[PDB]
Amino acid sequence: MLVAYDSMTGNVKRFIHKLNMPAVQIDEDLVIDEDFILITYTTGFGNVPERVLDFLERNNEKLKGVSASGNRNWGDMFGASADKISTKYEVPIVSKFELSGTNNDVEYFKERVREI
Amino acid sequence: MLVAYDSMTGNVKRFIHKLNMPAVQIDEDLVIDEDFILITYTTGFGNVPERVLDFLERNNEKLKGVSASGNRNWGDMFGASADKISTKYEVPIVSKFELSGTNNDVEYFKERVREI
Amino acid sequence: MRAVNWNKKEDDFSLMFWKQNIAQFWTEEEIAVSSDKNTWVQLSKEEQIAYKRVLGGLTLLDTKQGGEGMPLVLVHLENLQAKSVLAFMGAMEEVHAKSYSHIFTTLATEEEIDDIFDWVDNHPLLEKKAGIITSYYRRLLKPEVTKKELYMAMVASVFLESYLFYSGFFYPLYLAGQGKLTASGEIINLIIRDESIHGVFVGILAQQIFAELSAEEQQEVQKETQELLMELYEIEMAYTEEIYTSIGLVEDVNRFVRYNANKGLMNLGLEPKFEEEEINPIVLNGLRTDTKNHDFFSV
Amino acid sequence: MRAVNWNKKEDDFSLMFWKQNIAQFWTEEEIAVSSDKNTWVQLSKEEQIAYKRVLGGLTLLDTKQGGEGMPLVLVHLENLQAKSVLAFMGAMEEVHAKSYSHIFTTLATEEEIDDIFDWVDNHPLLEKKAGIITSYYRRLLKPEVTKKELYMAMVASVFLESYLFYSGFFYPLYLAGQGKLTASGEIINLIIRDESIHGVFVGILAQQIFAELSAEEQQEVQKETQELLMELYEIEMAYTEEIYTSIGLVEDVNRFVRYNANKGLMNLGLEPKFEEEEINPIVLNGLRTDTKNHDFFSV
Ligand SMILES: Cc1cc2nc3c(=O)[nH]c(=O)nc-3n(C[C@H](O)[C@H](O)[C@H](O)COP(=O)(O)O)c2cc1C
Ligand SMILES: Cc1cc2nc3c(=O)[nH]c(=O)nc-3n(C[C@H](O)[C@H](O)[C@H](O)COP(=O)(O)O)c2cc1C
Ligand SMILES: [Mn+2]
Ligand SMILES: [Mn+2]
Ligand SMILES: [Mn+2]
Ligand SMILES: [Mn+2]
């Protein structure tokens, strides 16, 4: 399964490299025509980066699940970009992790995607 | 006629010394039992300093008129401490002047109080 | 090391200024300026050029005040409550500088904006004007400053807050007093509302320091304050000559500069040095705007 | 001289941070804390003492960050847009420091407050902790700084924003996660919301500078960054030993310190140095408050 991701300050990018899975950073033109998992970071007040939103508008047919990187300092808004995507497109939340993730975050993710 | 005044950064105090009239700075205990003119400075958004308000609560029977120091940078709120006192106690506005006043402000004031 | 304790007054003024700062808080998104396009196209070429040039000059002055003036003065204050007030005033200098770009975005294309800022960067009169003020600030880039150096930095700051801005503030107020570019005028009025209290505050602090100086140092800073006043006036007259000659407003702005120079002196507790003249009545009308009523604490 | 031009990006991040700063704006008058008295009297003497002592420590750290950290770093930045962001962050450090006094006024008499601040001023561990951070700032009190000196000041600042606060933040969150002193906890959560983005921002700037350093200077600052991390950790362990021994929470706070030290390293683009452990679940519950939802731009 393909991993599509976006990163602004490198945390998600560094998490991607832990996975040893095929992965591509999204841009506005990108068209995925295979099943994929999205990993996004979380912007202010628990929101989704606009580039992720625009990407999903064209690619949501192949979306199988979503993980979000965030910071638990944001309380109930921790990783809530996954909540918004999960309800908008009715796909499971794979996981939520902080910044670049712990090694437990990595194994949880891989085990979660094998579940899907 | 007595001049009762209040000043925080000295502008009204310096205006007082131009007048060569008997004048006293107000405090919370002060009781005037002679006719007097009040000169006050203007606080944020065109308001009256609380010490002036408390003073007038006990002394408004002898108040014959009010002048306000201000700054025309405040637009329609220039010297509006006089407006509030003038309507609350139905006494004329003697004058409004900027900071320590111009020599025209001084002569206007003296000529205005002789009118009262 | 001391931490700031607001339950014990360090002075009689800082709390009053802290609260007023916040009650006056605003940001450029509160004022849409797009409706100004209707009057902007009715100005002549020379009027549009003067308007863009004065805004660029104001942007430079706010840039230096938020990025050098406030920080360098506040780092050397021992009064922790006054230090707090200056830090907030410094932040608002950056809100001001940004608000000018909000105006430019409506009135000019991006290539016109770059030209204005290149003009500002390389204009020799602005370089000398800003250079004179910031030389007093840069003297504070060392661990130990004398009270005389700190006093003179506060004088330079008051002269900027209460005096040097106003050859630029004049023209937005003059147009808005005539019903032209009134949205941008509302922003300029919010800026002025802030700078008015900025100048008062720094002048209070300067007067406290003046009283700690020796008799000899008091005479020295009094002389240097008068020289600095008159040195800046000479520059302002060249500046107004360059900006306003094409639109026939030089004598009006010069009068307005002297009027505010007198207010700057009084903020320092000093007597006026220029003859008393009435404020231009159209400028006075441009100072009358309802948006200046907004108190952050009420809503 | 350059004026700040927001119609031309100087970097990819400053505008996003500027807007988030303002969207998060708040002041202590938005949170009444008087209702906390009902739970405050239910704490033991030793719990009340620890709560007052950590708040005093936080006040000191915010005092130094608003009055030395932000101003001294921002004066040497050439990026005018990033400079603007830091000036606003510096102002919010003063809002934070003042908000602690808002809490003290409800929980303590004025004589108790003076004792806390005298304790803070003369506590040797806080003096050394604050002294180590601010020595990196005070090196910037000169006209010319090297990129290595500026990088190390930003490292010191990230370590304060993302790491050194948290031995103090722990206890208000722990109590609020149990339904105790929840109003004060709402203020601490607003503070944390700000410090979270502060640490990210300064870490971005530090990473940009790191890339301009020579290969030799990169190795030098990498070594000194690791030494500084571990030097501060040694101090934090003594500090937590002194504050939390009486209430049996030392090992819990130490875990929380290492957890945030790892976040501080990652803000700098560096790998974690402490073993991964789960956040204390009661602290996690104290981070869940509805007031953190407030966006200044919506209402
Ligand atoms: C301005 C800003 C706002 C943020 N808001 C949230 C948030 O609301 N919830 C959250 O969980 N994380 C929030 N974060 C944390 C980021 O999502 C987190 O640092 C993430 O690892 C960033 O991913 P990246 O490095 O790949 O860009 C915010 C970070 C920034 C800089
Ligand atoms: C915080 C603050 C708010 C002010 N608000 C107004 C105002 O709303 N209207 C006005 O005309 N002047 C206002 N002023 C200007 C003062 O009224 C003016 O400087 C006056 O001369 C001060 O008098 P004093 O020096 O005797 O205290 C304000 C000044 C300060 C410091
Ligand atoms: Mn300004
Ligand atoms: Mn100012
Ligand atoms: Mn803070
Ligand atoms: Mn901070």
Side-chain angles (χ1 to χ4, degrees), chain A residues 1-26 32 34-43 46-49 52 55-56 59-60 62-116, chain D residues 162 166 177 196 200 252 255-267 269-288:
Chain A
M1 188 148 307
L2 205 28
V3 176
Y5 71 94
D6 197 9
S7 179
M8 182 170 75
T9 60
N11 290 331
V12 171
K13 187 168 285 188
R14 281 190 285 268
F15 178 84
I16 283 311
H17 295 131
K18 305 187 188 176
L19 293 178
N20 271 68
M21 308 181 63
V24 61
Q25 172 140 6
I26 73 172
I32 313 286
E34 302 169 346
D35 292 10
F36 68 93
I37 302 293
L38 180 79
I39 312 182
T40 178
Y41 63 95
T42 306
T43 65
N47 281 291
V48 179
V52 174
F55 168 82
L56 288 175
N59 288 285
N60 61 78
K62 305 292 185 181
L63 176 70
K64 284 290 173 292
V66 62
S67 281
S69 176
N71 192 325
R72 275 190 190 284
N73 281 342
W74 285 88
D76 274 341
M77 287 163 294
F78 169 55
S81 50
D83 292 64
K84 297 181 173 55
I85 293 171
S86 172
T87 66
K88 183 154 207 171
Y89 294 110
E90 200 172 331
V91 293
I93 301 191
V94 175
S95 71
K96 295 178 183 182
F97 57 96
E98 281 195 284
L99 309 188
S100 306
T102 72
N103 284 31
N104 292 325
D105 294 320
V106 174
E107 185 54 29
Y108 188 80
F109 182 89
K110 296 161 82 72
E111 196 172 3
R112 278 288 282 163
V113 304
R114 269 112 75 175
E115 189 172 34
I116 309 303
Chain D
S162 307
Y166 283 82
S196 197
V200 171
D252 295 295
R255 212 179 312 275
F256 191 65
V257 171
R258 292 190 295 271
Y259 163 81
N260 286 284
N262 279 344
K263 294 184 170 181
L265 289 170
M266 285 184 271
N267 283 348
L270 306 166
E271 289 285 293
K273 277 298 176 295
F274 299 104
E275 265 187 0
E276 297 148 355
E277 308 170 276
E278 288 189 18
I279 181 183
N280 181 284
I282 299 187
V283 164
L284 188 52
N285 195 57
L287 284 169
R288 301 196 199 101

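Note on naming: letters A, B, ... go to the chains in the order of the sequence lines (proteins, then strands), and numbering restarts at 1 for each one. Below, each value reflects all heavy atoms present in this structure, side chains not excepted, and no hydrogens, waters or symmetry copies.
Nearest heavy-atom pair, A:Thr40 versus A:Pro49, reported as atom, atom and distance to 0.1 Å: OG1-CD, 3.3 Å.
Taking CE from A:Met8 and OG1 from A:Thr42, the interatomic distance works out to 11.0 Å, rounded to the nearest 0.5 Å. Here the OG1-CZ distance, from A:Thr9 to A:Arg14, works out to 7.5 Å after rounding to the nearest 0.5 Å. Remark: A:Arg72 CZ to D:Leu284 CG distance equals 5.0 Å, nearest 0.5 Å. Note that the CD atom of D:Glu275 and the CG atom of A:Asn103 stand 11.0 Å from one another [nearest 0.5 Å]. Once rounded to the nearest 0.5 Å, the distance linking CG of A:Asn59 with CD of A:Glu34 reads 11.5 Å.
Side-chain atoms of A:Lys18 come within 3.5 Å of backbone N or O of A:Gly101 as a donor-acceptor pair. A donor-acceptor pair under 3.5 Å links the side-chain atoms of D:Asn260 to the main chain of D:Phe256, judged by distance alone. A side-chain donor-acceptor contact under 3.5 Å links D:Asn262 to the backbone of D:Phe274. A:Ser81 places no side-chain N or O within 3.5 Å of a backbone atom of A:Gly46 that could act as its donor or acceptor partner. Listed for the A:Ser67 side chain is no donor-acceptor partner under 3.5 Å among the backbone atoms of A:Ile39. Between the side chain of A:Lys110 and the backbone N or O of A:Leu19, at least one donor-acceptor pair lies under 3.5 Å.
The aromatic ring centres of A:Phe55 and A:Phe36 sit less than 6.0 Å apart.
Partners of A:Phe78 by ring-ring contact (aromatic ring centres under 6.0 Å, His included), not counting sequence neighbours: none found.
For A:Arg112 and A:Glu115, the salt-bridge test passes: some basic side-chain N is under 4.0 Å from an acidic carboxylate O.
For the 3.5 Å distance criterion, the side chains of A:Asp105 and A:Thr102 qualify, holding a donor opposite an acceptor. For the residue pair A:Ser69 / A:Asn11, no side-chain donor-acceptor distance below 3.5 Å is found, with atom types taken as modelled.
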